[PDB]
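Report on the structure
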Amino acid sequence: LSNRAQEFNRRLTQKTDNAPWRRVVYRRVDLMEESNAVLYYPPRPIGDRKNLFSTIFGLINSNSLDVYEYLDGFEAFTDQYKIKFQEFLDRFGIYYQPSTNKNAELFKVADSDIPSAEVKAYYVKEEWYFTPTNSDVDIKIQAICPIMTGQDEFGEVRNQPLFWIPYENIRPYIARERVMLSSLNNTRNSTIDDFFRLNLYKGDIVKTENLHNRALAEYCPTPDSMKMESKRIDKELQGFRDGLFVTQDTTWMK
Amino acid sequence: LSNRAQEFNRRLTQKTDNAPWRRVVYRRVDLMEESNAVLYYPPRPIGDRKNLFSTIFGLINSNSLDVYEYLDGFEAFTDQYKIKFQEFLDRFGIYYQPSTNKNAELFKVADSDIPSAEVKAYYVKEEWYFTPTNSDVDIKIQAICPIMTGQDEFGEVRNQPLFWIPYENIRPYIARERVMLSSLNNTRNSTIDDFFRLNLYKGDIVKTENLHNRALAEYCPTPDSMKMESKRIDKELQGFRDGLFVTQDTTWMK
Amino acid sequence: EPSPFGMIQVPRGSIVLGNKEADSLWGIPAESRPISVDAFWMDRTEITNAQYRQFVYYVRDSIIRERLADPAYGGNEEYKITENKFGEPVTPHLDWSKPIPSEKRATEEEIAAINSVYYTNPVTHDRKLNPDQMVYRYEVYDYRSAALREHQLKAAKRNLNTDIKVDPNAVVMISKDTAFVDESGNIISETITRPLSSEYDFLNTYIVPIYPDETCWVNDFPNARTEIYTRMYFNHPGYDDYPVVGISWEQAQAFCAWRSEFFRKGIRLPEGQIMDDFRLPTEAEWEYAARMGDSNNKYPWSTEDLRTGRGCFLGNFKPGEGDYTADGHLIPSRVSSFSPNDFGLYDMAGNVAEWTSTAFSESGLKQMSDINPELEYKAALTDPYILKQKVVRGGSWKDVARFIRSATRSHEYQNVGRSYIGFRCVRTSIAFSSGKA
Amino acid sequence: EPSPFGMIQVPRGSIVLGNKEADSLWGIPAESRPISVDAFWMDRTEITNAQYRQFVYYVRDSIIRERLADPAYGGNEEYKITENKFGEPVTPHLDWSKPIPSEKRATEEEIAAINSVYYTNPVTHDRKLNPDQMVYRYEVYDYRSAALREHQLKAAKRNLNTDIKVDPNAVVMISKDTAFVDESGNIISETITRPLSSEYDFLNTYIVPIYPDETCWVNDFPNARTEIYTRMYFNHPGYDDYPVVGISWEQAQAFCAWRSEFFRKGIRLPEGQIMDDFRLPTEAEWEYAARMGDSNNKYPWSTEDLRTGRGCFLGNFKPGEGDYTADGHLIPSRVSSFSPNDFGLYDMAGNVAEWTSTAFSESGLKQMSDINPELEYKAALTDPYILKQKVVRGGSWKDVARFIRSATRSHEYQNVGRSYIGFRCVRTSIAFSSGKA
Ligand SMILES: *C1O[C@H](CO)[C@@H](O[C@@H]2O[C@@H](C)[C@H](O)[C@@H](O)[C@H]2O)[C@H](O)[C@@H]1O[C@H]1O[C@H](C(=O)O)[C@@H](O[C@@H]2O[C@H](CO)[C@@H](O[C@H]3O[C@@H](C)[C@@H](O[C@@H]4O[C@H](CO)[C@H](O)[C@H](O[C@@H]5O[C@H](CO)[C@H](O)[C@H](O)[C@H]5NC(C)=O)[C@H]4NC(C)=O)[C@@H](O)[C@@H]3O)[C@H](O)[C@H]2O)[C@H](O)[C@H]1O
Ligand SMILES: *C1O[C@H](CO)[C@@H](O[C@@H]2O[C@@H](C)[C@H](O)[C@@H](O)[C@H]2O)[C@H](O)[C@@H]1O[C@H]1O[C@H](C(=O)O)[C@@H](O[C@@H]2O[C@H](CO)[C@@H](O[C@H]3O[C@@H](C)[C@@H](O[C@@H]4O[C@H](CO)[C@H](O)[C@H](O[C@@H]5O[C@H](CO)[C@H](O)[C@H](O)[C@H]5NC(C)=O)[C@H]4NC(C)=O)[C@@H](O)[C@@H]3O)[C@H](O)[C@H]2O)[C@H](O)[C@H]1O
Ligand SMILES: *[C@H]1O[C@H](CO)[C@@H](O[C@@H]2O[C@@H](C)[C@H](O)[C@@H](O)[C@H]2O)[C@H](O)[C@@H]1O[C@H]1O[C@H](C(=O)O)[C@@H](O[C@@H]2O[C@H](CO)[C@@H](O[C@H]3O[C@@H](C)[C@@H](O[C@@H]4O[C@H](CO)[C@H](O)[C@H](O[C@@H]5O[C@H](CO)[C@H](O)[C@H](O)[C@H]5NC(C)=O)[C@H]4NC(C)=O)[C@@H](O)[C@@H]3O)[C@H](O)[C@H]2O)[C@H](O)[C@H]1O
Ligand SMILES: *[C@H]1O[C@H](CO)[C@@H](O[C@@H]2O[C@@H](C)[C@H](O)[C@@H](O)[C@H]2O)[C@H](O)[C@@H]1O[C@H]1O[C@H](C(=O)O)[C@@H](O[C@@H]2O[C@H](CO)[C@@H](O[C@H]3O[C@@H](C)[C@@H](O[C@@H]4O[C@H](CO)[C@H](O)[C@H](O[C@@H]5O[C@H](CO)[C@H](O)[C@H](O)[C@H]5NC(C)=O)[C@H]4NC(C)=O)[C@@H](O)[C@@H]3O)[C@H](O)[C@H]2O)[C@H](O)[C@H]1O
Ligand SMILES: *[C@H]1O[C@H](CO)[C@@H](O)[C@H](O)[C@@H]1O
Ligand SMILES: *[C@H]1O[C@H](CO)[C@@H](O)[C@H](O)[C@@H]1O
Ligand SMILES: [Ca+2]
Ligand SMILES: [Ca+2]
């Protein structure tokens, strides 16, 4: 908000436009794991104990946030391609009952109407990018999905991706909320922005931005195929990082 | 557009009119291969993520491009032999619904009406030519086909070649679009003009400009005959290049 | 070579800058990334009470010099007025070649001017220096922000991409904090967000009280008696070789600036020209100077254990639970008490935790560069107090062995000054090392 | 023989000019084609701060010479007026045999003229050379484009094919960029597309500021402190044998032209006649001079590994992740620090990446000729910024071992000047080598 704060934030952005590496990879991360489980909080605000879905819902409800929608296979971020809250509510038949505030918001948060409890995984788009100045491999987050992991009769994930949150837009509304991170410490010392920036959403890669625009589902249907493909992608990026190593044979033993 | 740009482009053309080699060869290249798969992008413009077919369709729709048609065995490039967009649309019964723009275009792009997704191979005419000045074997691209690789009941290619794109005409509209090239890098650093100029459309030769005007289909119907004939042509051009080698016995070993 | 006394030339090198394995009990990610730093001069001992006492003596000297220079409080009018020797009408800021003020014998006006900054206790009749009138005024130049592309003076020079035409009416916002003094004596620090118009938009003037917060010995230690500590930790003549505590980060910057000023005034050398001044050490610089630039060095000693072969303890931290004096010392011990690391730095991890320049963000390592990295956030006035959180490192006497490990970040507010926060003044060395390793 | 000092005569030869195998992880085609180049003189060391400082001293000298030559700013009127000795009314551009201007003692007008180009800091009171008034003006002749068939003066000589009659009203478009100076002092560079009418359509006049962008040390390194670098990398007397950085490609051409002018002025030799001048090295020329003209030489050292037998590092690149100083140096090290290749070129792959003449097109190798190949694109004003992309090669201190391999193209904008972009001035050698290999 302050001029110095804006200057620091601008100096803090990752200017990636001319880099000889722009590998964009899509990762599904399970909240069941202890690392990502910071997203299993009660939907109600109750002060500051909120998950991501609750605060995104609260921000989009007040029309203070600009967000985009899904495309079922592609990801086009266009100004005309804007998600409509009517389409958001008709996804599960949520009533309108417009509020008298109007300017503050048009739809009242109906307590537990948001499916914060039944979302169990997160989609993330991470762009591993080289740097033309300091030659350090880094990551830039731009998009995520709170995939609707519903529970039907046979237990299938039955995912209906609600919409596409651009990280740049939600960043101002995440850099302030500083919820607890690790259960064995239970300290309010790291913001959720620090959680995303520090690359702690350990999960498995669903598919990269391949030329064929394919996914891991095209491979063997067995889940072990998904695990082996995710580990293959992970070790291939690890090998890309290792290819810059020039510090071999440092044992100095005879 | 600029005078210096036009001068550089003119200095960049390959003046091949008097060369003691003009071997014109026709190659079918499969987009299923990772090398050529830069042509499996969504048909819609959505900014700049487009394949070749989409941009050729967009350019011919606005009448800003001059293109020719097929001949089913021959390739005659004549001014009077001009492809008509009415024949383009009646190939698959595409409606007209003329637009009010008129000067901008006469037919509105009906989203997924272009068969960008179901084209799976490319025809290319490449002229391997010697040079009378620097004696370097080079290639000059002049014509291509987005062969309509349809899927009938029995899975036959059922190709209907739409038309014949001259490379010189499409070059100005390709030198600007600079889509990503290799999936393991995902960087927007090379234009599609660089893709064609650098000879990366690795495929198989369908037929040369033989005296009999024949094709590989006249040989044994088995696909292995096609593979062996394509490899024979490839090694014969490789031997033509090797015939100029005067640097044998450089091992200097005893 | 200048080679300042009390300094050690730490060479350039690289450090992993963190700890890979994480204490599950502590529940921290323990993030790390390699970082390389250049060579610089670091003072071996934490700045003791003697050095900061010299600083406060200097500021008191010129304070009373100015007060006696006022016509209403003595009117000595020494200064330097026009026709200085060879007809030089120089600006008369202050005169320092004048005879030193004399105690006991003086005129009434001189005694009144001297006592104007002294403070006598109504109930105790003890005279000391006034904490709210021991103010240091200095100026710093934001060299890094002045050379930025978007902060260049000429608008057409703010964008080297010729595709987009440069608008002469560019709306760029600058920041500048220049505490100015008023007629009432209440020093008011203000921030200005005027549009970039001239070079003056890149100079920051700071006037801050510099007397250490002795009360720190009491405020952060409730239900404990520290009368023998807050009373004369600074004032005791025997407490000279002990590091000073209670220093606010602002006072740390002020003292480093004063050290730079003293170095510039003394040893006249036109060859130095734009030779680098003193500053607080950065987070990466401090950690590299601590762990010897070695990945395997968890602590700033060769071995991985906190006990030597004979069981002796290195560094006056808290060894055991409620066992502050197991090592041998309870409060911040005297400098150079323990065996130094071969890098030449005394009490590298121990004694008092160190002020460092880089602002804490909890991103930190994963948000700065790889060459001499540091974060600069000169937050001004109307900012949230969270953003005014300078990071500290080193581990103090109160902190357990976990915090004595060099690769441990820790919060600290720049405004507050605690009884366990020392600091160092560090300078950049322009050394033409031939290498040839 | 002239044999310029600091030069090395690299002979003619051939090079594969690329790398056959491709790093799958990097995902590049790794295209290559053989190319042969002739012999030429290449300077062994990257042009240091001393040489560019000599250039800026020269341009400052004549700048103040012209300012004092103005009647309004001193009116010394030395110049050279009509009846020069033996009645020669030569053109009075500038006088350089006049007595050198004297510091301290002078008239008021002379001091004002000298200070007209100097710049004093309002807040720091430091005087240096004005970046926007250290402008070099030179002229180049487009010999290659003047001799083209379609660019011949006579229309009938533009087509040797007599089948088609030559139209006297031929509509041919020429290009010429001649930055002219205006009365306001704002140097404006313009392009002209007048039809070919005379020989003047083939001469390009360029006036460009030549003071290095010291701010490059800050703009491309955010969240890192480089105050000790941007302040006096050029200005430090000890930083003389270190390569200069921050030079724009335009300034590189200007400096090479100045070196040619100095070579022409000194050593009077009518036998030279049209003897070749200095220029930037071409992409193929640079790579051939790097890899010794050997296919198996991935890097400019005999072995294929970056470590010697004893483990020492050659070239001050970035060896490890965040390990800039593993080789021994962090910033651009001093020239000739490492063991040179036997071709006689110091720091051939390392230190600072090199400016090269050929414009990057991503076609490159597969679009130029086979004899002394290079691409010429003197883009002017109203062109897309993409086309103004001069290629660079060499690998710098910041770049990993992958970019230190000589057969690696890399983007660079001609306008910008970064803290890792040095350059070389190279000349063509007219050598009558007998061969007999
Ligand atoms: C923090 O900020 C506090 C508030 O500003 C300030 O407190 C104030 O002062 C306390 C001492 C006191 O308690 C109160 O007064 C209090 O309010 C603190 O001291 C502290 O200040 C620090 O930052 C300030 C800031 O930038 O905000 C600094 O102020 C700067 O002072 C400079 C020197 O006085 C100013 O420079 C010149 O600026 C120009 C506009 C001058 O105005 C005239 O312009 C005419 C048209 O051009 C004349 O031709 C002539 O032009 C200038 O001439 C001089 C000749 O030397 C210049 O070199 C240039 O040639 C030319 N300037 C231009 C426009 O290019 C000028 N005539 C005069 C009067 O000389 C004039 O205003 C200044 O000379 C600067 O603008 C100002 O921001 C402060 O120094 C610093 O300590
Ligand atoms: C970049 O371009 C900027 C814009 O042009 C220029 O800036 C301008 O100058 C700055 C110093 C100042 O700030 C502003 O004025 C600014 O606008 C920069 O300096 C810079 O210029 C560079 O490129 C220019 C360019 O080509 O655009 C160069 O200009 C050229 O200058 C030459 C010398 O002045 C010109 O040559 C002659 O051209 C002919 C047409 C002359 O005109 C008369 O023609 C009559 C009919 O023939 C007369 O008979 C006689 O003919 C000529 O006589 C001379 C005798 O020496 C010739 O040798 C020939 O015999 C004959 N020419 C022909 C037609 O064959 C001429 N009478 C006169 C006046 O002598 C006359 O105009 C010139 O002598 C050339 O045309 C012009 O393009 C610039 O030199 C260069 O630095
Ligand atoms: C003591 O400290 C208190 C806490 O800060 C302060 O209290 C504050 O003010 C009270 C009123 C208030 O009650 C308090 O609440 C609180 O706000 C006190 O006021 C007092 O500090 C004050 O006085 C100090 C003092 O004078 O002792 C000030 O420190 C001095 O500041 C000077 C300038 O600000 C420094 O001088 C430097 O800059 C110039 C002026 C140089 O001095 C001469 O300049 C001449 C021209 O004017 C000569 O040309 C020559 O300059 C040379 O120029 C060449 C180039 O040509 C070089 O580049 C150098 O600039 C210089 N060369 C050298 C080496 O001499 C100089 N020679 C002469 C004739 O003396 C120069 O000496 C310095 O660079 C001075 O160093 C510094 O001690 C303090 O700022 C002020 O607050
Ligand atoms: C310093 O640099 C600043 C940055 O460039 C510049 O600032 C710019 O201008 C400011 C006004 C502005 O404020 C700035 O923003 C910026 O735009 C400064 O102005 C200044 O540069 C300027 O002055 C320089 C200077 O004079 O020092 C200029 O460089 C000089 O240019 C001369 C010509 O342009 C060069 O001379 C060559 O060409 C001719 C003139 C030769 O000189 C004599 O010519 C006579 C006839 O006129 C004689 O015949 C004889 O010529 C001989 O002819 C035979 C054939 O018969 C040979 O072929 C040769 O031509 C020659 N023989 C020899 C070896 O002498 C010459 N002898 C005499 C009597 O002197 C010749 O000497 C040169 O070839 C000169 O070398 C060069 O230094 C700079 O161009 C200008 O911008
Ligand atoms: C450290 O803590 C983890 C859980 O955080 C346990 O596996 C075990 O206590 C370990 O020592
Ligand atoms: C290089 O990369 C290819 C894929 O690009 C793999 O076959 C393997 O990783 C190889 O080393
Ligand atoms: Ca202790
Ligand atoms: Ca190095």
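1. Concerning the overall build of chain C
Helix and strand counts for chain C stand at eight helices and 15 strands. Compactness check: chain C gives a C-alpha radius of gyration of 24 Å against a globular reference of 22 Å for 437 residues, within 12% of the reference. Overall size of chain C, expressed as C-alpha extent along the three principal axes, is 75 × 70 × 45 Å. By the burial criterion, 51% of the 437 residues in chain C qualify as buried. Long-range pairs, those at least 24 residues apart, make up 71% of the contacts in chain C with a sequence separation of at least 6. Surface accessibility of chain C: about 21200 Å² in total, with carbon and sulfur atoms responsible for 54%. Averaged over its 50 positive side-chain charges, chain C has a centre that lies 3 Å from the centre of its 62 negative ones.

2. Some remarks on the overall build of chain A
Summing up its helical and strand segments, chain A has six helices and seven strands in all. Secondary structure elements of chain A, listed N to C terminal, follow the sequence α-β-α-α-β-β-β-β-β-α-α-β-α. Looking at chain A residue by residue over its 254 residues, the buried ones come to 48%. Here the analysis covers contacts within chain A between residues at least 6 apart in sequence; of these, 59% occur between residues at least 24 apart. Carbon and sulfur atoms make up 55% of the accessible area of chain A, which totals about 13300 Å².

3. Some details on the UniProt feature "binding site: Ca(2+) 2" (unreviewed entry) in chain C
Residues and elements named next belong to chain C. Look at the UniProt record and you will see "binding site: Ca(2+) 2" (unreviewed entry) annotated at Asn316, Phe317, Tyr324, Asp327 and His329. Relative to the elements of secondary structure, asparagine 316 occurs in the loop between α7 (283-290) and β12 (353-359). On the basis of relative accessible area, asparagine 316 is assigned to the buried category, the value being 1%. Those residues within four positions of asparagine 316 in sequence are excluded, and the remaining contacts are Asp327, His329, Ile331, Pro332, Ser333, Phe338, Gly350, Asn351, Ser396 and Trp397. Reaching out from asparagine 316, the side chain makes a polar contact with the backbone oxygen of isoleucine 331 at a distance of 3.5 Å.

4. Topic: the interface of chain D and chain B
With 34 residues of chain D at the interface, the matching set in chain B holds 23 residues. Here chain D is connected to chain B by two salt bridges. We note a salt bridge from D:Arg33 to B:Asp136, for which the minimum N-O separation is 3.0 Å. The interface formed by chain D and chain B contains 14 residue pairs in polar contact. Tallied by class, residues from the side of chain D that touches chain B come to eleven nonpolar, twelve polar and eleven charged.

5. Quick notes on the environment of D:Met134
Residue and element names in this part refer to chain D. Mapped onto the elements of the fold, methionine 134 is located in the loop between β6 (127-129) and β7 (135-141). Looking at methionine 134, the relative accessible area reads 0%, which means it is buried. Through-space distance from the C-alpha of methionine 134 to that of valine 400 is 35 Å; in sequence the pair is 266 residues apart. Contact partners of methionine 134, with chain neighbours within four places excluded, come to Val56, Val59, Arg60, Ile63, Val117, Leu129, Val208, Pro209, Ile210 and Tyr211.

6. A word on the pattern of salt bridges
Applying the stated criterion across every chain yields a total of 73 salt bridges over all chains. Close ionic contact of B:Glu229 with B:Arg232 constitutes a salt bridge, the shortest N to O distance being 3.0 Å. Separated by three residues within a single helix, B:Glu229 and B:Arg232 lie in helix α6 (residues 223-242), roughly one turn from each other. Here D:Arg393 makes a salt bridge to D:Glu283, at a shortest N to O gap of 2.8 Å. Of the two residues, D:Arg393 is situated in strand β13 (residues 390-393) and D:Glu283 in helix α7 (residues 283-290); the sequence distance between them amounts to 110 residues.

7. Thoughts on the interface of chain C and chain D
The interface of chain C with chain D comprises 45 residues on the first partner and 43 residues on the second. Carbon and sulfur atoms make up 56% of the surface buried where chain C meets chain D, a total of about 3900 Å² over both sides. For the pair chain C and chain D, the interface holds four salt bridges. Where chain C packs against chain D, one counts 17 residue pairs in polar contact. Listing elements by their share of the side of chain C that touches chain D, those giving two or more residues are β2 (13-15), β3 (35-37) and α3 (143-146) of chain C. Among the elements that make up the side of chain C that touches chain D, the one with the highest residue count is β3(C) (three residues). Across the side of chain C that touches chain D, the residue classes break down as 18 nonpolar, 14 polar and 13 charged.

8. Examining the coordination of the calcium ion (ligand 7)
All names here are of chain C. Protein-derived ligands of the calcium ion (ligand 7) are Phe317 (O), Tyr324 (O), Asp327 (OD), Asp327 (OD) and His329 (O), with the metal-ligand distances lying across 2.3 to 2.7 Å. Of note, the donors binding the calcium ion (ligand 7) are all from one chain and are spaced F-x6-Y-x2-D-x1-H. Overall, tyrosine 324 belongs to the partly exposed group, its relative accessible area being 25%.

9. Describing the coordination of the calcium ion (ligand 8)
The expected angle between donors at a tetrahedral four-coordinate metal is 109.5 degrees. At an octahedral six-coordinate metal it is 90 or 180 degrees. Here the calcium ion (ligand 8) is held by D:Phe317 (O), D:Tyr324 (O), D:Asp327 (OD), D:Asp327 (OD) and D:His329 (O), and the distances to it run 2.3 to 2.7 Å. D:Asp327 sits in the buried class, given a relative accessible area of 6%.

10. Details of the sheet that holds strand β7 (residues 204-208) of chain B
Residues and elements named next belong to chain B. What the five strands build is an open sheet, ordered β6-β3-β2-β1-β7; its pairing is antiparallel. Every interior strand has two partners, whereas the edge strands, β6 (165-166) and β7, have only one. As paired strands, strand β1 (residues 22-30) and strand β2 (residues 121-129) are joined by nine bridges and run antiparallel to one another. Along β2, the bridge assignment pairs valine 29 with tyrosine 122. Contacting β1, β2 and β7, α6 crosses the sheet at an angle of about 80° to β7.

11. Things to note about the packing of aromatic side chains
Scanning the model with the defined rule gives 87 aromatic pairs over all chains in all. Considering the side-chain rings of B:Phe196 and B:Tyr201, the 5.9 Å spacing of their centres and the 50° angle between planes classify their relative orientation as tilted. Like B:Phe196, the residue B:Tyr201 is buried in the burial classification. Taking the centre distance of 5.3 Å and the plane angle of 35° together, the rings of D:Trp217 and D:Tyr229 count as tilted. With a gap of twelve residues between them, D:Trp217 in helix α4 (residues 216-219) and D:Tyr229 in helix α5 (residues 227-230) connect regions that are remote in the sequence. Note on accessibility: D:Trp217 and D:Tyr229 belong to one class, buried. Residue placement shows B:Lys120 over the ring face of B:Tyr40; its charged tip is 3.7 Å from the ring centre.

12. Side note on the packing of helix α1 (residues 49-69) of chain D against helix α2 (residues 108-117) of chain D
Residue and element names in this part refer to chain D. Two numbers describe how α1 lies on α2: the axes approach to 9 Å, and their chain directions differ by 135°. On the basis of the axis angle, α1 is oblique to α2. α2 is crossed by α1, and the crossing has right-handed handedness. Mapping the contact onto sequence places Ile63, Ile64, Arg67 and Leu68 in α1 and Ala113, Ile114 and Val117 in α2.

13. A look at the pairing of strand β1 (residues 22-30) of chain A
Residue and element names in this part refer to chain A. Burial runs high along β1: eight of the nine residues are buried. Of the strand pairs in this sheet, β1 and strand β7 (residues 204-208) are connected by four bridges, and their pairing is antiparallel. For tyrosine 26, the partnering residue across the bridge sits in β7 and is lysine 207.

14. Side note on helix α6 (residues 223-242) of chain A
Two residues of an α-helix separated by three or four positions point the same way, owing to the 3.6 residues in each turn. Residue and element names in this part refer to chain A. Counted at 1.5 Å a residue, the expected span for α6 with its 20 residues is 28 Å, and the 28 Å between its end C-alpha atoms agrees. The complete set of buried residues in α6 reads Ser225, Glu229, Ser230, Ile233, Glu236, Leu237 and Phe240. The buried residues of α6 occupy an angular sector of 135° when projected down its axis, which confines them to one face. Of the exposed residues in α6, the ones pointing more than 90 degrees away from its buried face are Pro223 and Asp224. For α6, the elements touching its buried residues are β1, β2 (121-129) and β7.

About the thresholds
- Position numbers follow the written sequence of each chain, starting from 1, instead of the entry's numbering, which may differ; residues with no coordinates are not represented.
- Starting at A for chains and at 1 for ligands, labels are handed out in the order in which the entities are written.
- What is displayed is a subset of a larger assembly, so the values quoted cover only the displayed chains.
- Computation of side-chain values: all heavy atoms of the structure, hydrogens and water removed.
- Here a helix means four or more residues in a row that DSSP labels H or I, a strand means two or more in a row labelled E, and each is numbered from the N terminus.
- Taken over C-alpha atoms, the radius of gyration is set against a globule rule of 2.2 Å times the number of residues to the power 0.38.
- Think of it in three bands: residues with accessible area under 20% of the maximum for their type are buried, residues over 50% are exposed, and the middle band is partly exposed, with areas taken using a 1.4 Å probe on protein chains only.
- Pairs of residues are marked as contacts when any of their non-hydrogen atoms sit within 4.5 Å.
- Every accessible area reported is derived by Shrake-Rupley at a probe size of 1.4 Å, with residue values counting cover from the shown protein chains alone.
- In this tally, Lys and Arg are treated as positive and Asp and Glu as negative; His is ignored, and so are the chain termini.
- Working definition for charges: the position is that of NZ of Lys, CZ of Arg, CG of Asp or CD of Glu.
- UniProt positions are given in the numbering used here, feature names are shortened, and annotations may be inferred rather than shown by experiment.
- Polar contacts here mean pairs of N or O atoms no more than 3.5 Å apart (in protein, one a potential hydrogen donor and the other a potential acceptor; neighbouring residues in sequence count only if both atoms are side-chain atoms).
- Salt bridge, as applied in this entry: a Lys or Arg side-chain nitrogen positioned within 4 Å of an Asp or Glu carboxyl oxygen.
- Under the grouping applied here, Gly and all other residues not named as nonpolar or charged are polar, the nonpolar ones being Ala, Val, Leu, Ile, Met, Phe, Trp, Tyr, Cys and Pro and the charged ones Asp, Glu, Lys and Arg.
- Throughout, the accessible surface (probe 1.4 Å) given up by two parts as they are put together, summed over both, is called the buried area.
- For Na, K and Ca the donor cutoff is 3.2 Å, while for all other metals N, O and S atoms count as donors only within 2.8 Å; water does not appear among the atoms, so some sites may look incomplete.
- Pairing between strands is defined by DSSP: at least two bridges between the two strands are required.
- What counts as an axis is a line fitted to C-alpha atoms, over the stretch in contact for a helix, and the angles between N-to-C directions run from 0 to 180 degrees.
- Working definition: rings of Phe, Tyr and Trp (its six-membered ring) pair if their centres are within 6.5 Å, and the pair is stacked with planes under 30 degrees apart, edge-to-face with planes over 60 apart, and tilted otherwise.
- Consider the ring centre and the ring normal. A charge sits over the ring if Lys NZ or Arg CZ is within 6 Å of that centre and within 35 degrees of that normal.
- If an angle is under 35 degrees, it is roughly parallel; if it is over 145, roughly antiparallel; if it lies from 65 to 115, roughly perpendicular; otherwise it is oblique.
- Take the far helix as your reference; a near helix turned counterclockwise from it by less than a right angle gives a left-handed crossing, and one turned clockwise gives a right-handed crossing.
- For a helix, the expected span equals 1.5 Å multiplied by the residue count minus one.
- This arc describes the spread of directions from the helix axis toward the C-beta atoms.

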